[PDB]
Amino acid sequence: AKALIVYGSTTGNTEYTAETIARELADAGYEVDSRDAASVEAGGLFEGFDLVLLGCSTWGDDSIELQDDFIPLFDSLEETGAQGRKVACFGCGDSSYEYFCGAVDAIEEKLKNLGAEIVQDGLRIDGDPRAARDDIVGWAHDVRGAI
């Protein structure tokens, strides 16, 4: 199978996560196309993938904001065809906050209402993804034995 990894990272956390996740896949027999959202384009993007990996960090204090690079993709997500698509969402945040990884929640929601089938519960990392690296290896892993 063929997977798409699209990520929004500001400080490099979600970028790290998507890489760990990328290999996760690739070492398993997976063909993987990883991309920065900063550059993606919504026009049938999801097209011809068996799984879509959609990542993003949270910003904001009062209001939930999505990693910046990712917003314009968030905005035009019904243009990508996530109909009966297989999508799992991930990102980084800090639980010191009230709407911890609230960016994972919104992603997942527009996905549903859109058509995707979420194969698994979003992976919400609290901290440097790097020290949770195992939590990560297992999630990539649970989404495989899931399709």
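Residues carry their position along the shown sequence, with the first being 1.
Item to check | 127-135 versus 20-28 - greater average Cα B-factor per the deposited record | outcome: Here the higher of the two C-alpha B-factor means belongs to 127-135.
Checklist entry - Of the two stretches 82-90 and 46-54, which shows the higher Cα B-factor on average in the entry? => result Looking at the recorded C-alpha B-factors, 82-90 comes out higher on average.
Item to check | From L111, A37, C101, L66, residue of greatest CA B-factor | outcome: That would be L111.
Next on the checklist: Can you tell me whether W59 has a C-alpha B-factor in the lowest, middle or highest third compared with the other modelled residues of the same chain?
Outcome noted: It belongs to the lowest third of the chain when residues are ordered by C-alpha B-factor.
Next on the checklist: Looking at the temperature factor on the CA atom of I147, which third of the chain's modelled residues does it land in?
Outcome noted: Answer is highest: the recorded C-alpha B-factor places it there.
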